[PDB]
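**Student:** Contents of structure10.cif (mmCIF, C-alpha atoms):
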```cif
data_start
#
loop_
_atom_site.label_atom_id
_atom_site.label_comp_id
_atom_site.auth_asym_id
_atom_site.auth_seq_id
_atom_site.Cartn_x
_atom_site.Cartn_y
_atom_site.Cartn_z
CA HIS I 1 -11.63 -23.42 28.70
CA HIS I 2 -12.71 -21.64 31.92
CA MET I 3 -10.18 -18.82 32.06
CA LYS I 4 -10.64 -15.77 34.29
CA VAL I 5 -9.21 -12.55 32.86
CA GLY I 6 -8.88 -9.43 35.00
CA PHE I 7 -8.45 -5.92 33.60
CA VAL I 8 -6.61 -3.13 35.42
CA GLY I 9 -6.31 0.43 34.15
CA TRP I 10 -9.13 -0.02 31.62
CA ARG I 11 -10.36 3.55 32.40
CA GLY I 12 -7.15 5.39 31.47
CA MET I 13 -6.24 6.46 27.95
CA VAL I 14 -4.36 3.36 26.82
CA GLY I 15 -6.87 1.12 28.58
CA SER I 16 -9.73 3.00 26.96
CA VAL I 17 -8.21 2.44 23.52
CA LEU I 18 -7.80 -1.25 24.43
CA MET I 19 -11.46 -1.53 25.45
CA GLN I 20 -12.57 0.17 22.25
CA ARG I 21 -10.49 -2.21 20.12
CA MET I 22 -11.67 -5.30 22.03
CA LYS I 23 -15.25 -4.17 21.46
CA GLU I 24 -14.53 -3.70 17.75
CA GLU I 25 -13.11 -7.23 17.39
CA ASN I 26 -15.69 -8.81 19.77
CA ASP I 27 -12.80 -10.10 21.92
CA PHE I 28 -14.94 -10.51 25.05
CA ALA I 29 -16.89 -13.24 23.27
CA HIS I 30 -13.63 -15.19 23.58
CA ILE I 31 -13.13 -14.48 27.31
CA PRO I 32 -15.06 -16.99 29.46
CA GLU I 33 -15.06 -14.84 32.62
CA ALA I 34 -13.93 -11.22 32.49
CA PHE I 35 -13.39 -9.12 35.61
CA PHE I 36 -12.61 -5.43 35.99
CA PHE I 37 -10.44 -3.98 38.75
CA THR I 38 -10.25 -0.52 40.29
CA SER I 39 -7.86 1.56 42.38
CA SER I 40 -10.62 3.90 43.51
CA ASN I 41 -14.14 2.52 43.17
CA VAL I 42 -14.40 -0.94 44.73
CA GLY I 43 -17.90 -2.28 44.23
CA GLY I 44 -18.75 0.26 41.54
CA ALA I 45 -19.88 -0.49 38.01
CA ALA I 46 -17.64 -2.42 35.65
CA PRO I 47 -17.90 -1.64 31.95
CA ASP I 48 -20.61 -3.91 30.56
CA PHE I 49 -19.15 -6.28 27.97
CA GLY I 50 -21.75 -8.95 28.78
CA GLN I 51 -19.62 -10.51 31.52
CA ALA I 52 -21.23 -11.95 34.66
CA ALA I 53 -19.23 -9.82 37.12
CA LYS I 54 -20.80 -6.35 36.96
CA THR I 55 -18.97 -4.76 39.93
CA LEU I 56 -15.36 -3.65 40.32
CA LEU I 57 -12.75 -5.67 42.25
CA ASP I 58 -9.92 -4.13 44.27
CA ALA I 59 -6.81 -3.63 42.08
CA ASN I 60 -4.61 -3.37 45.21
CA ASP I 61 -5.86 -6.63 46.76
CA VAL I 62 -3.25 -9.22 45.79
CA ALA I 63 -5.59 -12.05 46.84
CA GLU I 64 -8.27 -10.76 44.46
CA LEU I 65 -5.73 -10.50 41.62
CA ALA I 66 -4.50 -14.05 42.32
CA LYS I 67 -7.97 -15.37 41.50
CA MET I 68 -7.40 -14.46 37.81
CA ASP I 69 -5.76 -16.75 35.28
CA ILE I 70 -4.75 -13.71 33.22
CA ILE I 71 -4.20 -10.10 34.26
CA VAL I 72 -4.29 -7.44 31.53
CA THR I 73 -3.03 -4.14 32.92
CA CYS I 74 -2.73 -0.70 31.36
CA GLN I 75 -2.42 0.90 34.80
CA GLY I 76 1.30 1.67 34.45
CA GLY I 77 4.68 0.89 35.89
CA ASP I 78 4.08 2.10 39.44
CA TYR I 79 1.06 -0.19 39.72
CA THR I 80 3.04 -3.14 38.36
CA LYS I 81 5.80 -2.53 40.92
CA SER I 82 3.26 -2.35 43.75
CA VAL I 83 1.67 -5.79 43.23
CA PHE I 84 3.62 -7.95 40.75
CA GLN I 85 6.32 -9.37 43.01
CA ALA I 86 3.81 -9.73 45.84
CA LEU I 87 1.54 -11.68 43.49
CA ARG I 88 4.34 -13.98 42.30
CA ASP I 89 5.55 -14.43 45.89
CA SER I 90 2.12 -15.82 46.82
CA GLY I 91 2.52 -18.59 44.23
CA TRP I 92 0.44 -16.97 41.50
CA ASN I 93 1.48 -18.64 38.24
CA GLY I 94 -0.94 -16.85 35.91
CA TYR I 95 -0.28 -14.69 32.86
CA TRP I 96 0.67 -11.01 33.23
CA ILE I 97 -0.03 -8.89 30.13
CA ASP I 98 1.28 -5.40 30.73
CA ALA I 99 1.57 -2.14 28.76
CA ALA I 100 4.24 -0.70 31.09
CA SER I 101 8.03 -0.89 30.80
CA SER I 102 8.68 -2.37 34.27
CA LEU I 103 9.20 -6.00 33.26
CA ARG I 104 10.50 -5.40 29.71
CA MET I 105 14.12 -6.35 30.47
CA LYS I 106 13.40 -9.24 32.87
CA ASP I 107 14.64 -12.61 31.61
CA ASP I 108 11.31 -14.31 32.43
CA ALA I 109 9.31 -11.85 30.29
CA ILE I 110 8.67 -11.49 26.55
CA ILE I 111 8.08 -8.23 24.70
CA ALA I 112 5.00 -9.11 22.63
CA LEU I 113 4.70 -7.67 19.11
CA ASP I 114 3.23 -10.70 17.38
CA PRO I 115 3.23 -9.46 13.73
CA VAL I 116 7.00 -9.31 14.20
CA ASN I 117 7.84 -11.93 16.84
CA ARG I 118 4.94 -14.44 16.95
CA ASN I 119 7.53 -17.22 16.80
CA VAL I 120 9.03 -15.89 20.04
CA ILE I 121 5.61 -15.67 21.73
CA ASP I 122 4.66 -19.22 20.67
CA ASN I 123 7.96 -20.51 22.12
CA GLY I 124 7.59 -18.70 25.43
CA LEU I 125 4.08 -20.09 25.84
CA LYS I 126 5.28 -23.66 25.31
CA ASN I 127 8.28 -23.06 27.61
CA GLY I 128 6.31 -21.57 30.51
CA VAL I 129 6.86 -17.83 30.10
CA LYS I 130 4.07 -16.03 31.96
CA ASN I 131 4.91 -12.34 31.33
CA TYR I 132 4.07 -10.70 27.99
CA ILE I 133 4.95 -7.00 27.96
CA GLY I 134 4.16 -4.26 25.46
CA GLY I 135 7.18 -2.66 23.82
CA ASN I 136 8.21 0.98 23.88
CA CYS I 137 6.23 2.89 21.28
CA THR I 138 9.05 3.95 18.94
CA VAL I 139 10.68 0.52 18.68
CA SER I 140 7.42 -1.36 18.13
CA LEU I 141 6.29 1.18 15.50
CA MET I 142 9.71 1.00 13.85
CA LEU I 143 9.62 -2.80 13.64
CA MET I 144 6.05 -2.81 12.33
CA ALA I 145 7.43 -0.76 9.42
CA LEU I 146 10.90 -2.28 9.03
CA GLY I 147 10.52 -5.83 10.41
CA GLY I 148 11.11 -7.30 6.96
CA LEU I 149 14.68 -5.98 6.97
CA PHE I 150 15.45 -6.88 10.60
CA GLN I 151 13.82 -10.32 10.53
CA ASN I 152 15.98 -11.18 7.51
CA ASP I 153 19.17 -9.99 9.29
CA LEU I 154 19.70 -7.34 6.62
CA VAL I 155 20.37 -4.48 9.08
CA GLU I 156 23.86 -3.66 10.34
CA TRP I 157 22.81 -0.50 12.19
CA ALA I 158 20.16 2.20 12.18
CA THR I 159 19.80 5.72 13.56
CA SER I 160 16.26 6.99 14.02
CA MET I 161 15.44 10.68 14.40
CA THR I 162 11.90 10.78 15.73
CA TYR I 163 8.91 13.13 15.60
CA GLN I 164 6.96 11.95 18.64
CA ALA I 165 3.34 12.73 19.49
CA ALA I 166 1.93 14.07 22.75
CA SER I 167 -0.08 10.89 23.44
CA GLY I 168 3.10 9.13 24.58
CA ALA I 169 3.31 11.62 27.45
CA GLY I 170 -0.39 11.35 28.34
CA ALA I 171 -3.92 12.75 28.01
CA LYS I 172 -2.95 15.90 29.92
CA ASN I 173 -0.16 16.54 27.40
CA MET I 174 -2.53 16.10 24.46
CA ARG I 175 -5.00 18.53 26.03
CA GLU I 176 -2.14 21.00 26.60
CA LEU I 177 -1.05 20.74 22.96
CA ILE I 178 -4.46 21.73 21.60
CA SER I 179 -4.84 24.42 24.27
CA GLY I 180 -1.54 25.92 23.14
CA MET I 181 -2.70 25.86 19.52
CA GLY I 182 -5.80 27.80 20.54
CA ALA I 183 -3.88 30.28 22.70
CA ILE I 184 -1.33 30.92 19.94
CA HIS I 185 -4.04 31.71 17.40
CA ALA I 186 -5.93 33.91 19.87
CA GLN I 187 -2.90 36.23 20.11
CA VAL I 188 -3.15 37.07 16.38
CA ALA I 189 -6.80 36.27 15.63
CA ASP I 190 -7.55 39.82 14.48
CA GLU I 191 -4.42 40.16 12.35
CA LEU I 192 -5.12 36.82 10.66
CA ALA I 193 -8.66 37.96 9.79
CA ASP I 194 -7.20 41.11 8.20
CA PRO I 195 -5.74 40.19 4.78
CA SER I 196 -3.70 43.43 4.76
CA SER I 197 -1.93 42.79 8.10
CA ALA I 198 1.87 42.45 8.10
CA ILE I 199 3.34 38.96 8.45
CA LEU I 200 6.18 40.21 10.65
CA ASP I 201 3.65 41.57 13.20
CA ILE I 202 1.82 38.25 13.36
CA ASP I 203 5.19 36.54 13.65
CA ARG I 204 6.49 38.75 16.48
CA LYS I 205 3.31 38.31 18.48
CA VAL I 206 3.49 34.52 18.19
CA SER I 207 7.19 34.30 19.09
CA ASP I 208 6.70 36.67 22.04
CA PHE I 209 3.87 34.42 23.16
CA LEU I 210 5.99 31.26 23.08
CA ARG I 211 8.44 33.03 25.40
CA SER I 212 5.77 34.43 27.73
CA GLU I 213 4.54 33.03 31.00
CA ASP I 214 0.98 33.16 29.61
CA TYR I 215 1.74 30.19 27.36
CA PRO I 216 0.16 27.00 28.84
CA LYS I 217 3.09 24.68 29.51
CA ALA I 218 2.36 23.11 32.91
CA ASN I 219 2.86 19.53 31.68
CA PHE I 220 5.68 19.70 29.10
CA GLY I 221 7.54 22.47 30.98
CA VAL I 222 8.22 24.23 27.64
CA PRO I 223 6.13 25.04 24.52
CA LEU I 224 5.17 22.18 22.23
CA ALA I 225 2.63 23.87 19.95
CA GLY I 226 4.73 25.95 17.58
CA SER I 227 7.94 24.27 18.74
CA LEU I 228 9.64 20.94 19.51
CA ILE I 229 11.35 19.29 22.48
CA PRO I 230 14.60 17.39 21.74
CA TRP I 231 14.61 15.25 24.91
CA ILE I 232 12.05 12.62 25.95
CA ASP I 233 11.90 10.87 29.37
CA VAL I 234 14.61 11.18 32.04
CA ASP I 235 18.26 12.19 31.63
CA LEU I 236 20.48 9.11 31.99
CA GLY I 237 23.51 11.34 32.60
CA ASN I 238 25.51 10.20 29.55
CA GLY I 239 23.95 12.58 27.01
CA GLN I 240 21.28 9.99 26.16
CA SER I 241 17.60 10.09 27.01
CA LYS I 242 15.88 7.01 28.38
CA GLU I 243 13.63 7.06 25.29
CA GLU I 244 16.75 6.74 23.11
CA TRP I 245 18.25 3.99 25.28
CA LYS I 246 15.13 1.83 24.96
CA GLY I 247 15.91 1.78 21.22
CA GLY I 248 18.67 -0.80 21.06
CA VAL I 249 17.68 -2.94 24.04
CA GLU I 250 13.98 -3.40 23.20
CA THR I 251 14.53 -3.87 19.45
CA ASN I 252 17.03 -6.65 20.03
CA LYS I 253 14.93 -8.47 22.61
CA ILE I 254 11.78 -8.48 20.46
CA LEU I 255 13.70 -10.11 17.63
CA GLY I 256 15.69 -12.33 19.99
CA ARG I 257 19.07 -10.87 18.95
CA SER I 258 20.62 -9.85 22.29
CA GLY I 259 23.51 -12.21 21.42
CA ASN I 260 24.78 -10.32 18.35
CA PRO I 261 22.62 -7.18 18.63
CA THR I 262 21.96 -4.60 15.95
CA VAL I 263 22.89 -1.03 16.89
CA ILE I 264 19.81 1.22 17.17
CA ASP I 265 20.59 4.83 18.10
CA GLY I 266 19.44 8.36 17.37
CA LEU I 267 17.50 11.23 18.88
CA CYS I 268 13.96 11.25 20.24
CA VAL I 269 12.17 14.57 19.68
CA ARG I 270 8.65 15.64 20.64
CA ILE I 271 6.63 17.57 18.03
CA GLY I 272 3.12 18.97 18.12
CA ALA I 273 1.13 15.95 16.92
CA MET I 274 -1.62 14.18 18.90
CA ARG I 275 -0.97 10.43 18.67
CA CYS I 276 1.23 9.42 15.68
CA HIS I 277 4.98 8.86 16.04
CA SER I 278 7.02 9.43 12.88
CA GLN I 279 10.61 8.35 12.33
CA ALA I 280 13.24 9.46 9.80
CA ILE I 281 15.79 6.65 9.72
CA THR I 282 19.27 6.12 8.29
CA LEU I 283 20.11 2.42 7.93
CA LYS I 284 23.26 0.61 6.91
CA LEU I 285 22.22 -2.72 5.38
CA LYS I 286 24.36 -5.85 5.11
CA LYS I 287 23.76 -6.05 1.33
CA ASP I 288 23.56 -3.69 -1.64
CA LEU I 289 19.99 -4.41 -2.76
CA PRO I 290 17.86 -2.37 -5.17
CA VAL I 291 15.06 -0.20 -3.78
CA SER I 292 12.54 -2.55 -5.42
CA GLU I 293 13.87 -5.58 -3.52
CA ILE I 294 14.09 -3.65 -0.25
CA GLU I 295 10.50 -2.54 -0.80
CA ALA I 296 9.33 -6.09 -1.55
CA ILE I 297 11.00 -7.33 1.65
CA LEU I 298 9.30 -4.60 3.67
CA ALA I 299 5.89 -5.17 2.08
CA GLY I 300 6.01 -8.93 2.73
CA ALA I 301 6.70 -8.62 6.47
CA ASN I 302 3.17 -8.26 7.88
CA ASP I 303 -0.41 -7.25 7.06
CA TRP I 304 -0.31 -3.71 8.46
CA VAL I 305 2.78 -2.09 6.95
CA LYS I 306 2.11 0.00 3.83
CA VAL I 307 5.03 0.69 1.49
CA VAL I 308 4.48 4.11 -0.11
CA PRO I 309 6.15 4.69 -3.52
CA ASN I 310 8.87 7.31 -3.14
CA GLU I 311 7.07 10.15 -4.94
CA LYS I 312 5.97 13.55 -3.68
CA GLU I 313 2.19 13.24 -4.05
CA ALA I 314 1.98 9.77 -2.46
CA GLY I 315 4.48 10.72 0.25
CA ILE I 316 2.63 13.78 1.50
CA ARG I 317 -0.75 12.04 1.29
CA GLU I 318 0.25 8.78 2.98
CA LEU I 319 3.19 9.42 5.30
CA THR I 320 1.57 11.84 7.78
CA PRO I 321 -0.14 11.91 11.18
CA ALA I 322 -3.18 13.37 9.38
CA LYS I 323 -3.52 10.13 7.39
CA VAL I 324 -2.49 7.53 9.98
CA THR I 325 -4.10 8.72 13.23
CA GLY I 326 -6.52 6.23 14.74
CA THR I 327 -5.77 3.55 12.13
CA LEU I 328 -3.83 0.30 12.24
CA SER I 329 -1.87 1.00 9.03
CA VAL I 330 1.88 1.58 9.38
CA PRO I 331 3.07 3.36 6.21
CA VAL I 332 6.78 3.42 5.42
CA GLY I 333 8.35 5.23 2.50
CA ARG I 334 10.99 7.64 1.22
CA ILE I 335 13.04 4.52 0.50
CA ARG I 336 16.15 5.81 -1.25
CA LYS I 337 19.79 4.84 -1.68
CA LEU I 338 22.00 7.31 0.17
CA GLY I 339 25.17 8.99 -1.02
CA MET I 340 27.42 6.95 1.25
CA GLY I 341 27.01 3.78 -0.84
CA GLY I 342 24.61 1.11 -2.00
CA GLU I 343 24.18 -0.38 1.48
CA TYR I 344 22.84 2.90 2.96
CA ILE I 345 19.14 3.76 2.70
CA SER I 346 16.66 6.24 4.12
CA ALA I 347 13.25 5.34 5.48
CA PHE I 348 10.41 7.43 6.83
CA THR I 349 7.55 5.81 8.71
CA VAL I 350 4.46 6.99 10.58
CA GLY I 351 2.50 4.99 13.13
CA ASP I 352 -0.25 5.49 15.71
CA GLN I 353 1.29 5.09 19.13
CA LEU I 354 -1.95 4.30 21.00
CA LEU I 355 -2.58 1.32 18.69
CA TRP I 356 0.52 -0.56 17.53
CA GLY I 357 2.58 1.40 20.04
CA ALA I 358 0.38 0.36 22.98
CA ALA I 359 -3.07 -1.26 23.03
CA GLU I 360 -3.08 -3.36 19.84
CA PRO I 361 -0.19 -5.78 20.68
CA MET I 362 -1.93 -6.35 24.05
CA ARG I 363 -5.32 -7.46 22.69
CA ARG I 364 -3.60 -9.73 20.18
CA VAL I 365 -1.32 -11.44 22.73
CA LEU I 366 -4.33 -11.80 25.06
CA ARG I 367 -6.06 -13.67 22.22
CA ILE I 368 -2.93 -15.74 21.56
CA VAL I 369 -2.65 -16.63 25.26
CA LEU I 370 -6.35 -17.56 25.32
CA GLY I 371 -6.09 -19.48 22.05
CA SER I 372 -3.31 -21.59 23.62
CA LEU I 373 -5.52 -23.06 26.37
#
```
Would you give me this structure, written as structure tokens?

**Tutor:**
Amino acid sequence: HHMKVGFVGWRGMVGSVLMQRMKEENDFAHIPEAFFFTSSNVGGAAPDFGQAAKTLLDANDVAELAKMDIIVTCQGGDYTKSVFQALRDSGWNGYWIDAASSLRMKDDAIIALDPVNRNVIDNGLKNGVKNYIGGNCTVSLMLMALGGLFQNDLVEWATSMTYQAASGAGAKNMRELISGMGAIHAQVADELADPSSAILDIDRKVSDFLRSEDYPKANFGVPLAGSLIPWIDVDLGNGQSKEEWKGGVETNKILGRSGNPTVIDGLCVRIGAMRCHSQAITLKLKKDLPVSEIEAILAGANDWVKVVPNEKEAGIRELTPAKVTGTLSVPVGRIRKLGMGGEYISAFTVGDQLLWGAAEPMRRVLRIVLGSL
């Protein structure tokens, strides 16, 4: 009833979304003693959520961290590597709630996505698990949409072809995306304002610009605005990106199915959207069910998924980054039987990666951890 919660990386993008959400749900009213840490500004001002400690503690001081009962970090994997094992080596037996991928595949850690795996979280808490890690964006967003099928063991395999937003690469990448949009338009601003200008002239100027060294591409390396990038994260050397490899491993740990795991594969592609990830998925199901029953199973899974009837007008209104950005809704639609047989379906889902793909599972598992003491 006297728990001390420390926050690291609250000032970065993910941490800033977390703080915003915790303010919106009045989470700090449920935190007896909140503390804010810093890698740069020891003794400076903490964000004012009404907590007693108004000044920043040293994020790199393992003894200061060990004073917390719970550490909530959005600082990233390098930070986690710098202090986590040193903290545990000192005897610190508190809770580590982390956005980063460092500890995802450790046996003493749970990937928290409670609308999908609350039963797993509740069991770790009773069995002494102290590490609750946020899942990779694409998997968590996929399971928010499709958890009804997976949780019922109705999925034999799935391939997801993704349309991933810049936010997953960072604030700098989001700023570069909009800058590129502005620089593309500025090349043909006059022609666009002239209704009699030739489309092929506009077109040639834009395509020349995407191949010119004047295009702003410092962060992605290549154009994103006006283009796409069919590789995300590092090259594993087997033709697979690390983003694609996190697919099968993370999905099966969240559910608890690393014993007889479901195959999750596909291609991860960046497109010019700000912060929604979209996925076009082929699934082979273990049963030939009608679309209506599949849809009922999906709808019943959790409170945030939105099944969209498979019609044009609803699809283009509901299943887009324009609709979903900044919201907690996870629409899924285009549910159709495929030509290969009754057990093959398509699904298309859109989800905000800064919320369900990052900050939102963290505030909820913080509350669960606090509600357990």

**Student:** Go through I:111, I:56, I:280, I:66 one by one, measure the shortest atom-to-atom distance of each to residue 93 of chain I using all atoms listed in the file, and give the residue with the smallest value.

**Tutor:**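 Among I:111, I:56, I:280, I:66, it is I:66 that comes nearest to residue 93 of chain I.
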
**Student:** Contacts of residue 223 of chain I at 12 Å or less, counting all atoms listed in the file, minus same-chain residues fewer than 3 places along, as a PDB file with C-alpha atoms, keeping the file's coordinate frame?

**Tutor:**
```pdb
ATOM      1  CA  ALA I 166       1.930  14.070  22.750  1.00  0.00           C
ATOM      2  CA  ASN I 173      -0.160  16.540  27.400  1.00  0.00           C
ATOM      3  CA  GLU I 176      -2.140  21.000  26.600  1.00  0.00           C
ATOM      4  CA  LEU I 177      -1.050  20.740  22.960  1.00  0.00           C
ATOM      5  CA  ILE I 178      -4.460  21.730  21.600  1.00  0.00           C
ATOM      6  CA  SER I 179      -4.840  24.420  24.270  1.00  0.00           C
ATOM      7  CA  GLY I 180      -1.540  25.920  23.140  1.00  0.00           C
ATOM      8  CA  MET I 181      -2.700  25.860  19.520  1.00  0.00           C
ATOM      9  CA  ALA I 183      -3.880  30.280  22.700  1.00  0.00           C
ATOM     10  CA  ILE I 184      -1.330  30.920  19.940  1.00  0.00           C
ATOM     11  CA  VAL I 206       3.490  34.520  18.190  1.00  0.00           C
ATOM     12  CA  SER I 207       7.190  34.300  19.090  1.00  0.00           C
ATOM     13  CA  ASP I 208       6.700  36.670  22.040  1.00  0.00           C
ATOM     14  CA  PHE I 209       3.870  34.420  23.160  1.00  0.00           C
ATOM     15  CA  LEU I 210       5.990  31.260  23.080  1.00  0.00           C
ATOM     16  CA  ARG I 211       8.440  33.030  25.400  1.00  0.00           C
ATOM     17  CA  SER I 212       5.770  34.430  27.730  1.00  0.00           C
ATOM     18  CA  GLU I 213       4.540  33.030  31.000  1.00  0.00           C
ATOM     19  CA  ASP I 214       0.980  33.160  29.610  1.00  0.00           C
ATOM     20  CA  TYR I 215       1.740  30.190  27.360  1.00  0.00           C
ATOM     21  CA  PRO I 216       0.160  27.000  28.840  1.00  0.00           C
ATOM     22  CA  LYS I 217       3.090  24.680  29.510  1.00  0.00           C
ATOM     23  CA  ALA I 218       2.360  23.110  32.910  1.00  0.00           C
ATOM     24  CA  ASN I 219       2.860  19.530  31.680  1.00  0.00           C
ATOM     25  CA  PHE I 220       5.680  19.700  29.100  1.00  0.00           C
ATOM     26  CA  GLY I 226       4.730  25.950  17.580  1.00  0.00           C
ATOM     27  CA  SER I 227       7.940  24.270  18.740  1.00  0.00           C
ATOM     28  CA  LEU I 228       9.640  20.940  19.510  1.00  0.00           C
ATOM     29  CA  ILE I 229      11.350  19.290  22.480  1.00  0.00           C
ATOM     30  CA  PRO I 230      14.600  17.390  21.740  1.00  0.00           C
ATOM     31  CA  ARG I 270       8.650  15.640  20.640  1.00  0.00           C
ATOM     32  CA  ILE I 271       6.630  17.570  18.030  1.00  0.00           C
ATOM     33  CA  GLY I 272       3.120  18.970  18.120  1.00  0.00           C
TER      34      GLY I 272
END
```

**Student:** Please evaluate the PyMOL selection byres ((chain I and resi 133) around 7) against the displayed coordinates and give the resulting residues as a PDB file with C-alpha atoms, in the frame of the given file.

**Tutor:**
```pdb
ATOM      1  CA  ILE I  97      -0.030  -8.890  30.130  1.00  0.00           C
ATOM      2  CA  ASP I  98       1.280  -5.400  30.730  1.00  0.00           C
ATOM      3  CA  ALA I  99       1.570  -2.140  28.760  1.00  0.00           C
ATOM      4  CA  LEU I 103       9.200  -6.000  33.260  1.00  0.00           C
ATOM      5  CA  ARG I 104      10.500  -5.400  29.710  1.00  0.00           C
ATOM      6  CA  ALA I 109       9.310 -11.850  30.290  1.00  0.00           C
ATOM      7  CA  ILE I 110       8.670 -11.490  26.550  1.00  0.00           C
ATOM      8  CA  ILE I 111       8.080  -8.230  24.700  1.00  0.00           C
ATOM      9  CA  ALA I 112       5.000  -9.110  22.630  1.00  0.00           C
ATOM     10  CA  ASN I 131       4.910 -12.340  31.330  1.00  0.00           C
ATOM     11  CA  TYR I 132       4.070 -10.700  27.990  1.00  0.00           C
ATOM     12  CA  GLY I 134       4.160  -4.260  25.460  1.00  0.00           C
ATOM     13  CA  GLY I 135       7.180  -2.660  23.820  1.00  0.00           C
TER      14      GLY I 135
END
```

**Student:** Show me as a ChimeraX atom specification the residues that reach within 7 Å of (20.0, 6.6, 15.2), counting only C-alpha atoms and using the file's own coordinates.

**Tutor:** /I:158-161,264-267,281-282

**Student:** Between atom CA of residue 18 of chain I and atom CA of residue 59 of chain I, what is the spacing in Å?

**Tutor:**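 Separation between atom CA of residue 59 of chain I and atom CA of residue 18 of chain I: 17.8 Å.
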
**Student:** Please write out, as AutoDock Vina command-line options, where the centre of an axis-aligned box around all listed atoms of segment 27-42 of chain I lies and how long its edges are, in Å to one decimal, after adding 5 Å on each side.

**Tutor:**
```
--center_x -12.4 --center_y -6.5 --center_z 33.3 --size_x 19.0 --size_y 30.9 --size_z 32.8
```

**Student:** Quick one: of I:278, I:292, I:260, I:196, who's nearest to residue 332 of chain I, counting only C-alpha atoms?

**Tutor:**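 Nearest to residue 332 of chain I: I:278.
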
**Student:** Do you have the atom CA of residue 68 of chain I-atom CA of residue 4 of chain I distance handy?

**Tutor:**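 Between these atoms lies a distance of 5.0 Å.
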
**Student:** Expand the PyMOL selection byres ((chain I and resi 157) around 10) into the individual residues it matches in the shown file, reporting them as a list in words.

**Tutor:**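 The output of the PyMOL selection byres ((chain I and resi 157) around 10) on this file is residues 150, 154, 155, 156, 158, 159, 248, 261, 262, 263, 264, 265, 282, 283, 284, 285, 286 and 344 of chain I.
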
**Student:** Using all atoms listed in the file, which residues of segment 19-117 of chain I come within 12 Å of segment 303-321 of chain I, and what is the closest atom pair for each, with the distance in Å to one decimal? Give it as a Markdown table, sorted by chain and residue number.

**Tutor:**
```
| residue | atom | partner | partner_atom | distance |
| --- | --- | --- | --- | --- |
| I:114 | CA | I:303 | CA | 11.5 |
| I:115 | CA | I:303 | CA | 7.9 |
| I:116 | CA | I:303 | CA | 10.5 |
```

**Student:** What would the selection look like, as a PDB file with C-alpha atoms, in the frame of the given file, if the PyMOL selection byres ((chain I and resi 76) around 10) were run on the coordinates I just shared?

**Tutor:**
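Generated file (expr_14.pdb):
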```
ATOM      1  CA  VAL I   8      -6.610  -3.130  35.420  1.00  0.00           C
ATOM      2  CA  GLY I   9      -6.310   0.430  34.150  1.00  0.00           C
ATOM      3  CA  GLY I  12      -7.150   5.390  31.470  1.00  0.00           C
ATOM      4  CA  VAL I  14      -4.360   3.360  26.820  1.00  0.00           C
ATOM      5  CA  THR I  73      -3.030  -4.140  32.920  1.00  0.00           C
ATOM      6  CA  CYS I  74      -2.730  -0.700  31.360  1.00  0.00           C
ATOM      7  CA  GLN I  75      -2.420   0.900  34.800  1.00  0.00           C
ATOM      8  CA  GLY I  77       4.680   0.890  35.890  1.00  0.00           C
ATOM      9  CA  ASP I  78       4.080   2.100  39.440  1.00  0.00           C
ATOM     10  CA  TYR I  79       1.060  -0.190  39.720  1.00  0.00           C
ATOM     11  CA  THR I  80       3.040  -3.140  38.360  1.00  0.00           C
ATOM     12  CA  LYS I  81       5.800  -2.530  40.920  1.00  0.00           C
ATOM     13  CA  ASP I  98       1.280  -5.400  30.730  1.00  0.00           C
ATOM     14  CA  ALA I  99       1.570  -2.140  28.760  1.00  0.00           C
ATOM     15  CA  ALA I 100       4.240  -0.700  31.090  1.00  0.00           C
ATOM     16  CA  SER I 101       8.030  -0.890  30.800  1.00  0.00           C
ATOM     17  CA  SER I 102       8.680  -2.370  34.270  1.00  0.00           C
TER      18      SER I 102
END
```

**Student:** Please report the interatomic distance between atom CA of residue 146 of chain I and atom CA of residue 325 of chain I in Å with one decimal.

**Tutor:** 19.1 Å

**Student:** With N, CA, C and O atoms as the goal, would you fill in the gaps in segment 250-255 of chain I and present it as a CSV table (one decimal), in the coordinates of the input?

**Tutor:**
```csv
chain,number,residue,atom,x,y,z
I,250,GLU,N,15.3,-2.8,23.5
I,250,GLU,CA,14.0,-3.4,23.2
I,250,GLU,C,14.0,-4.0,21.8
I,250,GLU,O,13.4,-5.1,21.6
I,251,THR,N,14.5,-3.3,20.8
I,251,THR,CA,14.5,-3.9,19.4
I,251,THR,C,15.2,-5.3,19.4
I,251,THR,O,14.6,-6.2,18.9
I,252,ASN,N,16.3,-5.4,20.1
I,252,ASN,CA,17.0,-6.6,20.0
I,252,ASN,C,16.4,-7.7,20.9
I,252,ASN,O,16.6,-8.9,20.6
I,253,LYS,N,15.6,-7.4,21.9
I,253,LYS,CA,14.9,-8.5,22.6
I,253,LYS,C,13.7,-9.0,21.8
I,253,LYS,O,13.5,-10.2,21.8
I,254,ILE,N,12.9,-8.1,21.2
I,254,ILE,CA,11.8,-8.5,20.5
I,254,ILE,C,12.2,-9.5,19.4
I,254,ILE,O,11.6,-10.6,19.3
I,255,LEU,N,13.2,-9.2,18.7
I,255,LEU,CA,13.7,-10.1,17.6
I,255,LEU,C,14.3,-11.4,18.2
I,255,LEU,O,14.2,-12.5,17.7
```
